[PDB]
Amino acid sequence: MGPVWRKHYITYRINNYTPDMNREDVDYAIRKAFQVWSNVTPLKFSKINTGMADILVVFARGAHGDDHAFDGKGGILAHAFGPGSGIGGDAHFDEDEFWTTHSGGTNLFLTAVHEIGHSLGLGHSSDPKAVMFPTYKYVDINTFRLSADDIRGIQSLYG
């Protein structure tokens, strides 16, 4: 298997906030996305508002300091680094997308669930029902659930 966090208590911090959405709505989407993974593993996530965190959540555009520049509107929506120090774990969202609560634009929550999967050590799935399948598709958020493949994947890494 690939890198995993060698601890079950994992911190995150939101570096900055997209202007596409209300700040409260970003906080909510991210909290909910971590909860999805916490709900099927022994992992515990703690939000920090200031200081050192394992997973940094970042909205940025174009070339943004890592060796993986974003590409404008469309195309690549987001990327994340697997567990490790520094940029390890970090989840980056392309600000040239239009981030949403809803079905229009790109849903932050669903994209974050995907991204968070990578920040925890998952790669892509070949199951089209899996949140880790590498195509963005809106599905009703109130009824969203991880597929059986996603749960096998993450439980193979933790627990």
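Residue numbers run from 1 along the displayed sequence.
A.B. asks: Quick one: higher average CA temperature factor, 122 to 130 or 39 to 47?
C.D. replies: On average, C-alpha B-factors are higher across 39 to 47.
A.B. asks: Mean Cα B factor from the PDB record: higher for 66 to 74, or higher for 88 to 96?
C.D. replies: 66 to 74 has the higher mean C-alpha B-factor.
A.B. asks: Test of reading the entry: by CA B factor among the chain's modelled residues, which third contains residue 12?
C.D. replies: For residue 12, the deposited C-alpha B-factor lands in the lowest third.
A.B. asks: How does the C-alpha B factor of residue 107 compare with the rest of the chain: lowest, middle or highest third?
C.D. replies: Residue 107: CA B-factor falls in the middle third of its chain.
A.B. asks: Classify residue 28 as lowest, middle or highest third according to the C-alpha B-factor given in the PDB entry, relative to its own chain.
C.D. replies: For residue 28, the deposited C-alpha B-factor lands in the highest third.
A.B. asks: Based on the entry's values, in what third of the chain does the Cα temperature factor of residue 151 lie: lowest, middle or highest?
C.D. replies: Lowest third - that is where residue 151 ends up once the chain's C-alpha B-factors are sorted.
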